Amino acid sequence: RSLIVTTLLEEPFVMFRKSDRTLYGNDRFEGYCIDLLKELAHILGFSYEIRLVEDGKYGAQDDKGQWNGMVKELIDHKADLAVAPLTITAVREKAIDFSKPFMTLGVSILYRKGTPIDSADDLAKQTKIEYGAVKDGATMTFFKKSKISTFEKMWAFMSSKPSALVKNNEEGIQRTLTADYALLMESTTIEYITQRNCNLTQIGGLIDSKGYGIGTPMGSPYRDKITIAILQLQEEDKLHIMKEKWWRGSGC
């Protein structure tokens, strides 16, 4: 029957479609994840209703070990699928069932062009340029629990200045534009921003290796079917075209 699909707004994955008419239901949304959900609903033959997550969060754990965001929706069996740039992490995989990744990525640095910073070590060995990440995101949680010396130096920097942690990508991008601040952001979002903001660039390569997956409740019968469908999309280059359609900007 109809699956409840939890998600949230994040360019270019899930966005509100601009129109002169008032949009209702699933017609309100467009983006990479919306196209991916349409492909899956057709290959697997199911209908769905898209519902934005109320708190607008992806999924993090509090002091009592309770989750929030889309991860909490899947745990409480209030949603059947989560289509969003939801990073596959070991701690999240213990709570929900991730499909195999439909997109691979890694953490990198976003900062303005013309800067003596070339790697992550350059940001760690100085203080004039502030840096941070989205609070309670997969990138921040990666640095908080990391044991590599270079990243803990960064975590000490982020944990000392609470301002360094931004609320969302929008605040992080604007602070990179207005102040001497470099945002630790996932590589796929960097590609999107740089082709559209011709003053921002990527600094260094990818420091780690992660992927975006589609969340399901633990034990869901759709997880493996979606995984097989995602793999079929990969082998026929459908995800390559799907990304190129949503990542190309007005050039620089």
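All residue numbers refer to positions in the sequence shown, first residue = 1.
Legend: mean Cα B-factor per stretch from the PDB entry, 150-158 versus 164-172; the higher mean is in 150-158. Judged by mean Cα B factor in the deposited record, 108-116 ranks above the other of 86-94 and 108-116. Looking at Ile226, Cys33, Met218, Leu200, the one whose CA carries the top B-factor in the deposited record is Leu200.
Across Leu123, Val134, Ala79, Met103, the entry's maximum B-factor at the CA atom is seen for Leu123. The PDB entry assigns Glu39 a C-alpha temperature factor belonging to the lowest third of its chain's modelled residues. Per-chain ranking of the deposited C-alpha B factor places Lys238 in the lowest third. Among all modelled residues in this chain, the alpha-carbon of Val71 has a temperature factor (C-alpha) in the lowest third. The PDB entry assigns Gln195 a C-alpha temperature factor belonging to the highest third of its chain's modelled residues. In the PDB entry, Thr127 places in the highest third of its chain by CA B-factor.
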